[PDB]
Each structure stands twice: as structure tokens, then as C-alpha cells.
């Protein structure tokens, strides 16, 4: 099968199973965190799929398993930034939290060894990782999804700072959103304080996850 850092994938016949673990990356292991991420992923991806966006989710199998369609994944991490934060401020400066004029899409070769080096489309073509067409699809999908998700959390007055995606090809060569969608892959903040936020997070990390889930459940029932 295959055991990654936060989840394990097991190919079962036609479909595949994706089990979310309780690990963290301040590495550790919070209890019930896998179930939380599995469910918010399933809620978010369901919302996306009924909109036409292709994702690998077939269904949610409580508590921490997702029935997914196999995909031939790209060794890539596609990040969309709506606001300046993280490695973005450390590389180009700016005000963490400042809005960008438009959504920024960045590619990173997923390679924990040499760490995850950034790449531009030209790189993907030369390294034969993806074609100019696939790359451009992934970019279009990433932004589409990012905006759709942005409007989603918007209903709750929460703002999406940035989020990371991973895509793959299904049995027909379609670009499909794989991986997950949870606090582990995106930075979401209250509409318009560092100290405070940092406090509860250090108090008990599982709190932001619980809050995100409840939030998704809430918006999901409307």
C-alpha cells in the first residue's frame, strides 16, 4: 500500500482507501485528529465536486477513512496564496496577512529529501514531471477551487489565506484533486490576534481542527 506523513493509502480493488492518521508535523500525535481531517476533507470535496470540480472522493467512511478513486499522482504540491504568509514573507518580505492583488499559484516538487524545491512550468516540462498543458490545467483548477473555497468560508466570516493542493490523473487522464483539505493544508483566519491565536494553539492544537470541522458542518447544513 503506502504510508505518508498524515495518512495511509490502501488500494482495494478498483477504488482505494485513504485512512487519516493522528500524527502532526512540533511533530506529535493528537487524539482523534485523523477523524477530524477526514471528515472536513469529505465535506469540502463534496462541495467542490457537486460544482463540477473533479476530486478523488467517492465517499466518507467514518471515522477517518475516505473511499477514493485511484489516481496517478504528480510529485507536486500546488500552493495558492491569497494573502502574504509563511515562506512567502520569508522570501519576498511584505506584511504577513497583507492581501495579494490577485491569487498567486506556486509549484513545489514534493521531495522531502532535497526538501520541497519550488519550480516554474519550464522546470516541470524539462524534468518531465508534467506538460505545459497539464501544468496550466492544475493552475486553473487550483485557483478555481481556491476561489470556490474562499466563498465557502466567507459565509462564516473566515478568510482563506492560502492552501496547498496535489493533483493526479484518473483512468482517463483527467487532472483530479487528490490528497486532502484540512487545517493541515490551508491557513484560515477570522474575518479581519497573533498572541491570542498562538495561545490556544499552544494550549491544545486540536482546537483549531475542531473549530474548522464544526464550521464546515454548519455551512454544510444550510
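Positions refer to the first chain, counted from 1.
- Missing deposited residues between residue 192 and residue 193: 1 to 3, all without coordinates in the entry.
- Gap between residue 25 and residue 26: 4 to 9 deposited residues without coordinates.
- Of the two stretches examined, 71 to 79 and 112 to 120, the record assigns the greater average C-alpha temperature factor to 112 to 120.
- Mean C-alpha B-factor is higher over 31 to 39 than over the other stretch, the pair under comparison being 31 to 39 and 161 to 169.
- Across 155, 54, 187, 64, the greatest Cα temperature factor reported in the deposited entry is at 155.
- The PDB entry assigns residue 148 a C-alpha temperature factor belonging to the lowest third of its chain's modelled residues.
- The entry lists a Cα temperature factor for residue 95 that places it in the highest third of the chain's modelled residues.
- Residue 196: CA B factor in the highest third of modelled residues in this chain (values from the PDB entry).
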